[PDB]
Amino acid sequence: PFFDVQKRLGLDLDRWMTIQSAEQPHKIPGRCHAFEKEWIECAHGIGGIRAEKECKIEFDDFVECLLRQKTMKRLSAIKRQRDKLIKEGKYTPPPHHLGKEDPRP
Amino acid sequence: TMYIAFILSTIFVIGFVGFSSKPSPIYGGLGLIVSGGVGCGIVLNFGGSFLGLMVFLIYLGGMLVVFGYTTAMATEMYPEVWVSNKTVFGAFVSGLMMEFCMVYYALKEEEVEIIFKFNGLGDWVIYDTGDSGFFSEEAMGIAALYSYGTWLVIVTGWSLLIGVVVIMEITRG
Amino acid sequence: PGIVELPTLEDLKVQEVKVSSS
Amino acid sequence: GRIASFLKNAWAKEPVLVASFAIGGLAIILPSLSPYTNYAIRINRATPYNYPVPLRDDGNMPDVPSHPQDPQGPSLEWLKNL
Amino acid sequence: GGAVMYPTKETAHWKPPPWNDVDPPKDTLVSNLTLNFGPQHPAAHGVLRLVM
Amino acid sequence: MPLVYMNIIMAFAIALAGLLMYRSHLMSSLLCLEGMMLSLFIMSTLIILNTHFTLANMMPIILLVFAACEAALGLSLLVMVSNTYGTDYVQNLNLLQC
Amino acid sequence: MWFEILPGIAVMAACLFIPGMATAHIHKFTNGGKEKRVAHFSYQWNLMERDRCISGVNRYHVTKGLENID
Amino acid sequence: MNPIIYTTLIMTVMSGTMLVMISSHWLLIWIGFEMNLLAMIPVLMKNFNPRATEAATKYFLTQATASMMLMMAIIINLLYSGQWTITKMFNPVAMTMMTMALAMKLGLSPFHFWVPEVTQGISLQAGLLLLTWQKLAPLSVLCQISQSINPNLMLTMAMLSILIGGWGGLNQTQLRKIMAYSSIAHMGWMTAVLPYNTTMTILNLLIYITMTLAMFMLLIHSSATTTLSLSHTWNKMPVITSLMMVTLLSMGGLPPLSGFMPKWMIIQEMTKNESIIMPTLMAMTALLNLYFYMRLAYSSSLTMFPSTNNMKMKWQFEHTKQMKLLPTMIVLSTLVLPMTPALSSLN
Amino acid sequence: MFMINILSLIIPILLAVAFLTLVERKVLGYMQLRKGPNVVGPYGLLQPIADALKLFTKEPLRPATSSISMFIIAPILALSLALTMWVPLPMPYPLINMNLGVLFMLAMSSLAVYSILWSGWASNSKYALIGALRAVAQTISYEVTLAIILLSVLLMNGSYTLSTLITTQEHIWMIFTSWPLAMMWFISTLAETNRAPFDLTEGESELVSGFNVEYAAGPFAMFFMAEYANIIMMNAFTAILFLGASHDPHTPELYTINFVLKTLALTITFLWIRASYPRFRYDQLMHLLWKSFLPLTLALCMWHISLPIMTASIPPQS
Amino acid sequence: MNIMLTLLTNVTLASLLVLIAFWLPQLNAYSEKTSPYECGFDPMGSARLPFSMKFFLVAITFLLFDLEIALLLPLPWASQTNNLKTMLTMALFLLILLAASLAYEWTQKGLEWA
């Protein structure tokens, strides 16, 4: 029994902290503000059953932003391949990646 | 030094094993002390200066009252340490072995899935490249408790007052 | 998915303001 | 009558609590009865913590100050004289 | 009557609860601390053994 | 997920197992409760800081407040058991059966 | 008499004055004769990092003025 | 305990439940649960006895473990979704942990062990609150997340709850323990239809609340906590024991009494979803609950037991305390079957 | 160079503690119509060295009933934390500049308590256990008032950064703004360090030697050094917080000297109080701190929250 | 990492002092010397026996008071908001509730010992 007294009386007791895309002090954006905004605007009013399957690309992008599991997997694959290449001497890291060139300001 | 957070988390697990094996509550106290301090270190490393110092301060004060009681209620003529009972030592060793096995499995095998999927790369990767400017974002979000979280303040204050009342009612006979 | 388009090294070359923060 | 006796007795037996309730009472009443609370609010709003993101000029914004330092826009001259 | 409707050998030794649910108080009296405020103590004037 | 998340979840699991497995004293069970609370604090704090959920940075403090409220509850129950039985041994809690 | 306590107070004064002076002098020595720059906020740290790159010698204390431009 | 303090504690329990049933944030639901526990422990220990302290300690430990598991589930759901709203939980592990925590709070078996002990330890006044009001918040939370609930786990818990409640109720001679096991069985009945239709869960909750209010208030009006003590009530007040027999028959689920409504509607909804074995097994297992209710009815009214001589003095005096809601609760729990089509109002 | 800075902040502090022992002895003597150490060295300047050499050449005894691990860990924690609580102090420039150095100091003090607790508990003696319980009761009484007073006086600072305290007091000492809080903070610092009218953890005349009754030679020297280092550090905290000093950025020595002199004055007042009043009863200590300070600390916390808002004088965040 | 260096240096210095204390002097130990000190006489009971706290309620309430102090710490930053009215009302509300809890404990004779 979700007695939604907040929506009835118009009070805002806890809906201000339910999402990171809501208003935050000094307009400090969330790390995944864009993805959550897209997911919420996609899945607004169509119901939970439709939102699960229809706005699934947006939710997948949001999850990837939140956890970076696939990005970390790609980076780990790159690191492993680079280590394997270095072991066999098939690759030489560039000087800007070896701390030899001054990074741009 | 690129894995400071991982080392601190391992010490966190070690302390949790230490006070989970149930030695004398006095020794469980220092186990929780170490765990809280190392957790404060982790939170500091992730940018939560106020939050980490807050857990450190509160638990430091809380475990003191526990110590007072350990010497008043849970006082055994021969208080037991992690190497005093084969049950306590067995629990401690089992916890350490579990932690070491999971750490080894996570490290040598980059992608590890025990219950969730854990990646073996360093924790530095997940950090963001943004600039907070003239802000302590954690501090501002926490201070928003009195402006945004009026309802939270009300409920927490009421719960604390009712907690005082409940303590007095319980400890009255 | 797709390939992240990235500008070349040449087209992001500017005469930097090589002064200090002070 | 009874109030005077109570207060005299209170400050004769427990003077510490008398001061605390007086100080605590003032801290709740005085801020409402002050003309500087609004100034305190305005100062906090005045401080530019984040960047003032500009808005695209459509030609129908008379008061919005498209300028470095021309007269239009909010002024902090009140704070300078505070 | 009794603790359970179908008692067994183990359960038969267990008696029904008190009528007012007030369990008889235990006689495990808490022992005090027999501190020896002995002679060496500075406040004992050197030659007083105070067994408190 | 990062390995620190794994370590903190494992710490919570260990504390839960410890609490579920009593030995003698009720004080150690309260210790395991406080440990679980601390682990949850660390987990939530890391999650909030990592995702820059600014307005949610007050959640761990509320969690800590109710954590020590539960700790005070436990301590008061502990003193009552000791007053009623002399020891905080969990075996004294035996009158209520089934 | 009472001034006989002064030697010990003076020795303690010297022992407590050493830390502060030492810290200030070390900060000046390791920051090019200037106060060690504070980085209370991320903006100040970003300024420090940019200054380090601008210097070219991977040290933030050395500052490049109008001579560096053009 | 001061009456003002007792009223404040009761209002704090009610405010915790209303916070759970009113908020849209998981943190506030957990806060409401914490407030409920904090204000429930002293209410459990209003009358200071070693048994009361033991009941309070066991209840506190169980509810603390459940709240820790619930908060862990909330934190994991936030980690995998970045969401605090009470909605379709986005992590199966978090869903399982939350289900275990909520079942432990409700007392669903195999988390049923604390209910017979805590119920017996506390008085009838506290037992009524524990077995009626303390079931609202976890049931509301489960009803809000019924979509994400794994049906297999909830159904297994419900069936085990019914089986264990019936089996436990048979070996009990203490009325409070019988009520606790009956509560476990009825909680299993309620949670059986959660994945299918939550309005049937609400209907079962309302009917069970009315029946348990009637039974506990009759026990208070008779000041009886054992079968032998309740047996004497036939001599002083036959009306109370007759109404108790009627309410027990209603609790058994015998038509045309109101207790048939929830089981009938639950079987209907579960057969609408092509589940025919589970409702049949539940109906067959309800016969154990019906058995111990009938045994109590025999010992209380259907058969007359030996009284004591001192009841002659008690015959002269009349009860002073008056529970104004008892007749209405008895009527609503016995004669509301002709009013099932009122189910729609719960939608 | 940072290690040199660490050494230049630790070794001088230990020398200051060693000579503070002598200073205390001589001050007590001259306030008791006596003469402090005056034979060992000129004007007794070599007494601390003799004491240290005696203690570290004295045989340390390990009690048979004592838990060795805690018995040895306690002294280390006491000294390490006593030396660490000097790291963030702004004199004028802090060794480690923290945005929340104040909370760091609070946490470090809270941990230091466990040294007395474990030393007492592990000593496995009735007097040591009594001393540990008295330390527990002491920290129960002052911690809340300490934190509340510190928060109230920092409400005019704008942050928990210790360095900012110098700027806030650039025209006026903050004691002219919170002298009741100054008095209560001074008494709380007296109670915290187990010092004058609050020497209950040690209780020379009532508990022989308190928690450190079973400690001898080196470990006892470490506990004494930790105690006096905490005394000097807390007096330094009192100086920076209320008795602000002028800081010319080009001549930091000016601040350093002014700071040192103020800290020395506060330590001398600590000794002055030690040789002027009888000892409290820790029941009376807890009653005072909970029933005369705490209500007043809450009232002044309300006042110092409301004042900047009602006077439009909220200090800057940065 | 500088704070870690400082902590390491302090801990190492303290442990080195312990080592020198326990290995420099000439050690001669026997059973009587290492016996517990009880003002010259043998102790009656063990020091690990229960030691009743007459101020247990004070400690349990000090728990919640430390909680409230944790809640009050963010106040210096909370004054930097634009909603000074709401912030001030909530801060005074928390302080009033703390004072009310203290008053309730005081009047119901909770701060008293035994």
# chains A, B, ... in the order shown; residues from 1 in each chain; ligands from 1

call {"tool": "closest_atom_pairs", "arguments": {"of": "chain J", "to": "chain I", "cutoff": "6 Å", "atoms": "only C-alpha atoms", "output": "Markdown table"}}
result
| residue | atom | partner | partner_atom | distance |
| --- | --- | --- | --- | --- |
| J:10 | CA | I:80 | CA | 4.9 |
| J:11 | CA | I:80 | CA | 5.3 |
| J:14 | CA | I:76 | CA | 5.1 |
| J:21 | CA | I:218 | CA | 4.6 |
| J:25 | CA | I:57 | CA | 4.7 |
| J:27 | CA | I:59 | CA | 5.6 |
| J:34 | CA | I:63 | CA | 4.5 |
| J:35 | CA | I:64 | CA | 5.9 |
| J:47 | CA | I:126 | CA | 5.1 |
| J:76 | CA | I:155 | CA | 5.3 |

call {"tool": "select_by_dssp", "arguments": {"residues": "chain F", "states": "helix (DSSP H, G or I)", "output": "MDAnalysis selection string"}}
result
chainID F and resid 3:20 26:50 54:56 59:85 90:92

call {"tool": "residues_around", "arguments": {"residues": "residue 24 of chain G", "least_positions_apart": "5", "cutoff": "9 Å", "atoms": "only C-alpha atoms", "output": "mmCIF file with N, CA and C atoms, in the first residue's frame"}}
result
data_model
loop_
_atom_site.group_PDB
_atom_site.id
_atom_site.type_symbol
_atom_site.label_atom_id
_atom_site.label_comp_id
_atom_site.auth_asym_id
_atom_site.auth_seq_id
_atom_site.Cartn_x
_atom_site.Cartn_y
_atom_site.Cartn_z
ATOM 1 N N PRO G 19 60.275 23.965 15.453
ATOM 2 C CA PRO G 19 59.351 23.384 14.471
ATOM 3 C C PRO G 19 58.807 24.417 13.475
ATOM 4 N N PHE G 29 62.264 26.842 0.860
ATOM 5 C CA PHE G 29 63.369 26.223 0.136
ATOM 6 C C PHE G 29 62.866 25.323 -0.985
ATOM 7 N N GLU G 35 55.964 31.058 -0.469
ATOM 8 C CA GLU G 35 55.098 30.237 0.364
ATOM 9 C C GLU G 35 54.597 29.031 -0.419
ATOM 10 N N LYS G 36 54.582 27.881 0.248
ATOM 11 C CA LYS G 36 54.064 26.667 -0.368
ATOM 12 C C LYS G 36 52.595 26.851 -0.722
ATOM 13 N N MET I 91 51.665 26.811 12.396
ATOM 14 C CA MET I 91 52.653 27.631 13.146
ATOM 15 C C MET I 91 53.732 28.135 12.180
ATOM 16 N N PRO I 92 53.591 29.330 11.567
ATOM 17 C CA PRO I 92 52.326 29.758 10.964
ATOM 18 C C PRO I 92 51.866 28.804 9.852
ATOM 19 N N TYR I 93 52.804 28.082 9.237
ATOM 20 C CA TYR I 93 52.459 27.153 8.132
ATOM 21 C C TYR I 93 52.392 25.728 8.684
ATOM 22 N N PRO I 94 51.296 24.982 8.433
ATOM 23 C CA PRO I 94 51.165 23.612 8.924
ATOM 24 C C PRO I 94 52.015 22.631 8.108
ATOM 25 N N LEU I 95 52.574 21.610 8.762
ATOM 26 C CA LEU I 95 53.351 20.574 8.032
ATOM 27 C C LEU I 95 52.416 19.901 7.027
ATOM 28 N N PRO I 252 57.693 34.931 8.919
ATOM 29 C CA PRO I 252 56.878 33.997 9.695
ATOM 30 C C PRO I 252 57.368 33.899 11.144
ATOM 31 N N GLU I 253 58.644 34.204 11.381
ATOM 32 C CA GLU I 253 59.225 34.072 12.742
ATOM 33 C C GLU I 253 58.366 34.855 13.735
#

call {"tool": "residues_around", "arguments": {"residues": "residue 79 of chain A", "least_positions_apart": "5", "cutoff": "12 Å", "atoms": "only C-alpha atoms", "output": "ChimeraX atom specification"}}
result
/A:72-74,84-86 /B:110,120-122

call {"tool": "residues_around", "arguments": {"residues": "segment 20-37 of chain E", "least_positions_apart": "4", "cutoff": "6 Å", "atoms": "only C-alpha atoms", "output": "list in words"}}
result
residues 49, 50, 51 and 52 of chain E; 49 of chain H

call {"tool": "write_last_selection", "arguments": {"atoms": "N, CA, C and O atoms", "output": "tab-separated table (two decimals), in the first residue's frame"}}
result
chain	number	residue	atom	x	y	z
E	49	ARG	N	45.86	-1.19	56.33
E	49	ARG	CA	45.32	-2.10	55.32
E	49	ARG	C	43.80	-1.98	55.35
E	49	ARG	O	43.15	-2.46	56.28
E	50	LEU	N	43.24	-1.33	54.34
E	50	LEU	CA	41.79	-1.12	54.27
E	50	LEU	C	41.22	-2.09	53.24
E	50	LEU	O	41.37	-1.90	52.03
E	51	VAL	N	40.56	-3.14	53.72
E	51	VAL	CA	39.93	-4.13	52.85
E	51	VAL	C	38.50	-3.66	52.60
E	51	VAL	O	37.62	-3.83	53.44
E	52	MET	N	38.27	-3.07	51.43
E	52	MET	CA	36.98	-2.50	51.09
E	52	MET	C	36.29	-3.33	50.01
E	52	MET	O	36.93	-3.75	49.04
H	49	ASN	N	9.66	-8.28	32.88
H	49	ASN	CA	9.88	-9.65	33.30
H	49	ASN	C	11.10	-10.18	32.57
H	49	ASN	O	11.46	-9.67	31.50

call {"tool": "residues_around", "arguments": {"residues": "segment 2-18 of chain C", "least_positions_apart": "5", "cutoff": "10 Å", "atoms": "only C-alpha atoms", "output": "ChimeraX atom specification"}}
result
/A:104-105 /G:50-51,53-56,63-70

call {"tool": "write_last_selection", "arguments": {"atoms": "N, CA, C and O atoms", "output": "PDB file, in the first residue's frame"}}
result
ATOM      1  N   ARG A 104      50.330  18.759 -22.743  1.00  0.00           N
ATOM      2  CA  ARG A 104      49.755  20.058 -23.050  1.00  0.00           C
ATOM      3  C   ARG A 104      49.034  20.610 -21.821  1.00  0.00           C
ATOM      4  O   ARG A 104      48.481  19.840 -21.027  1.00  0.00           O
ATOM      5  N   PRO A 105      49.027  21.938 -21.626  1.00  0.00           N
ATOM      6  CA  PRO A 105      48.364  22.582 -20.485  1.00  0.00           C
ATOM      7  C   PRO A 105      46.872  22.270 -20.415  1.00  0.00           C
ATOM      8  O   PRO A 105      46.476  21.427 -19.610  1.00  0.00           O
TER       9      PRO A 105
ATOM     10  N   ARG G  50      48.671  22.902 -14.075  1.00  0.00           N
ATOM     11  CA  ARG G  50      48.924  23.689 -15.309  1.00  0.00           C
ATOM     12  C   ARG G  50      50.264  24.410 -15.158  1.00  0.00           C
ATOM     13  O   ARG G  50      51.075  24.344 -16.098  1.00  0.00           O
ATOM     14  N   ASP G  51      50.491  25.040 -14.005  1.00  0.00           N
ATOM     15  CA  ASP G  51      51.752  25.790 -13.769  1.00  0.00           C
ATOM     16  C   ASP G  51      52.939  24.840 -13.955  1.00  0.00           C
ATOM     17  O   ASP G  51      53.943  25.264 -14.554  1.00  0.00           O
ATOM     18  N   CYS G  53      53.231  22.132 -15.871  1.00  0.00           N
ATOM     19  CA  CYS G  53      53.446  21.922 -17.328  1.00  0.00           C
ATOM     20  C   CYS G  53      54.026  23.193 -17.954  1.00  0.00           C
ATOM     21  O   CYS G  53      54.983  23.076 -18.739  1.00  0.00           O
ATOM     22  N   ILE G  54      53.469  24.357 -17.613  1.00  0.00           N
ATOM     23  CA  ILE G  54      53.941  25.642 -18.206  1.00  0.00           C
ATOM     24  C   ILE G  54      55.438  25.786 -17.917  1.00  0.00           C
ATOM     25  O   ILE G  54      56.176  26.193 -18.832  1.00  0.00           O
ATOM     26  N   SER G  55      55.866  25.442 -16.699  1.00  0.00           N
ATOM     27  CA  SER G  55      57.292  25.601 -16.311  1.00  0.00           C
ATOM     28  C   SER G  55      58.183  24.781 -17.245  1.00  0.00           C
ATOM     29  O   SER G  55      59.280  25.261 -17.585  1.00  0.00           O
ATOM     30  N   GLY G  56      57.731  23.586 -17.627  1.00  0.00           N
ATOM     31  CA  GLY G  56      58.509  22.746 -18.558  1.00  0.00           C
ATOM     32  C   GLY G  56      59.537  21.909 -17.823  1.00  0.00           C
ATOM     33  O   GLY G  56      60.011  20.917 -18.406  1.00  0.00           O
ATOM     34  N   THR G  63      57.804  30.157 -12.241  1.00  0.00           N
ATOM     35  CA  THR G  63      56.701  30.773 -12.965  1.00  0.00           C
ATOM     36  C   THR G  63      57.231  31.526 -14.176  1.00  0.00           C
ATOM     37  O   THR G  63      58.256  32.212 -14.091  1.00  0.00           O
ATOM     38  N   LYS G  64      56.531  31.396 -15.299  1.00  0.00           N
ATOM     39  CA  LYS G  64      56.912  32.042 -16.546  1.00  0.00           C
ATOM     40  C   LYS G  64      55.980  33.221 -16.792  1.00  0.00           C
ATOM     41  O   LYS G  64      54.757  33.051 -16.846  1.00  0.00           O
ATOM     42  N   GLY G  65      56.555  34.411 -16.936  1.00  0.00           N
ATOM     43  CA  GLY G  65      55.801  35.631 -17.098  1.00  0.00           C
ATOM     44  C   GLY G  65      55.563  35.985 -18.551  1.00  0.00           C
ATOM     45  O   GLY G  65      55.424  35.117 -19.421  1.00  0.00           O
ATOM     46  N   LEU G  66      55.507  37.293 -18.816  1.00  0.00           N
ATOM     47  CA  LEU G  66      55.283  37.776 -20.174  1.00  0.00           C
ATOM     48  C   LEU G  66      56.424  37.422 -21.116  1.00  0.00           C
ATOM     49  O   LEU G  66      56.240  37.459 -22.338  1.00  0.00           O
ATOM     50  N   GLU G  67      57.602  37.093 -20.584  1.00  0.00           N
ATOM     51  CA  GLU G  67      58.723  36.736 -21.447  1.00  0.00           C
ATOM     52  C   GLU G  67      58.458  35.432 -22.188  1.00  0.00           C
ATOM     53  O   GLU G  67      58.972  35.222 -23.294  1.00  0.00           O
ATOM     54  N   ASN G  68      57.659  34.540 -21.598  1.00  0.00           N
ATOM     55  CA  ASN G  68      57.412  33.245 -22.227  1.00  0.00           C
ATOM     56  C   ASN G  68      56.529  33.383 -23.461  1.00  0.00           C
ATOM     57  O   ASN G  68      56.731  32.678 -24.456  1.00  0.00           O
ATOM     58  N   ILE G  69      55.544  34.284 -23.420  1.00  0.00           N
ATOM     59  CA  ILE G  69      54.680  34.490 -24.576  1.00  0.00           C
ATOM     60  C   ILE G  69      55.481  35.136 -25.698  1.00  0.00           C
ATOM     61  O   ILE G  69      56.255  36.076 -25.472  1.00  0.00           O
ATOM     62  N   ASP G  70      55.310  34.613 -26.911  1.00  0.00           N
ATOM     63  CA  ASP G  70      55.978  35.123 -28.107  1.00  0.00           C
ATOM     64  C   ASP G  70      57.496  35.181 -27.943  1.00  0.00           C
ATOM     65  O   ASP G  70      58.064  36.250 -27.722  1.00  0.00           O
TER      66      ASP G  70
END

call {"tool": "interface_residues", "arguments": {"of": "chain G", "to": "chain B", "cutoff": "8 Å", "atoms": "only C-alpha atoms", "output": "ChimeraX atom specification"}}
result
/G:41-44

call {"tool": "interface_residues", "arguments": {"of": "chain F", "to": "chain B", "cutoff": "7 Å", "atoms": "only C-alpha atoms", "output": "VMD selection string"}}
result
chain F and resid 1 to 4 6 to 8 11 14 to 15 18 25 27 to 28 32 35 42 46 49 to 50 54 to 58 69 73 76 80 82 87 to 88

call {"tool": "closest_atom_pairs", "arguments": {"of": "chain I", "to": "chain G", "cutoff": "9 Å", "atoms": "only C-alpha atoms", "output": "tab-separated table"}}
result
residue	atom	partner	partner_atom	distance
I:1	CA	G:26	CA	7.2
I:2	CA	G:26	CA	8.1
I:4	CA	G:26	CA	8.6
I:5	CA	G:23	CA	6.0
I:6	CA	G:23	CA	8.9
I:7	CA	G:19	CA	8.9
I:8	CA	G:19	CA	5.5
I:9	CA	G:19	CA	4.7
I:10	CA	G:19	CA	8.1
I:11	CA	G:15	CA	8.7
I:12	CA	G:15	CA	4.9
I:13	CA	G:16	CA	6.5
I:14	CA	G:15	CA	8.5
I:15	CA	G:15	CA	6.3
I:16	CA	G:12	CA	4.8
I:17	CA	G:12	CA	7.9
I:18	CA	G:12	CA	8.6
I:19	CA	G:12	CA	5.9
I:20	CA	G:12	CA	6.6
I:22	CA	G:8	CA	7.0
I:23	CA	G:8	CA	5.8
I:26	CA	G:5	CA	6.2
I:27	CA	G:5	CA	6.9
I:30	CA	G:2	CA	6.5
I:35	CA	G:1	CA	8.2
I:36	CA	G:5	CA	8.2
I:38	CA	G:4	CA	8.9
I:43	CA	G:4	CA	6.5
I:44	CA	G:8	CA	8.1
I:45	CA	G:8	CA	6.4
I:90	CA	G:20	CA	8.2
I:91	CA	G:20	CA	5.0
I:92	CA	G:20	CA	6.5
I:93	CA	G:24	CA	6.2
I:94	CA	G:23	CA	7.5
I:95	CA	G:23	CA	6.5
I:97	CA	G:38	CA	7.6
I:98	CA	G:40	CA	7.5
I:99	CA	G:40	CA	6.0
I:161	CA	G:40	CA	8.9
I:249	CA	G:35	CA	8.0
I:250	CA	G:35	CA	8.9
I:252	CA	G:24	CA	7.0
I:253	CA	G:21	CA	6.2
I:255	CA	G:20	CA	8.9
I:256	CA	G:20	CA	5.8
I:257	CA	G:17	CA	6.4
I:259	CA	G:17	CA	8.6
I:260	CA	G:17	CA	6.2
I:261	CA	G:13	CA	7.2
I:264	CA	G:13	CA	7.3
I:318	CA	G:40	CA	8.2

call {"tool": "atom_distance", "arguments": {"atom1": "atom CA of residue 86 of chain F", "atom2": "atom CA of residue 56 of chain H"}}
result
17.6 Å
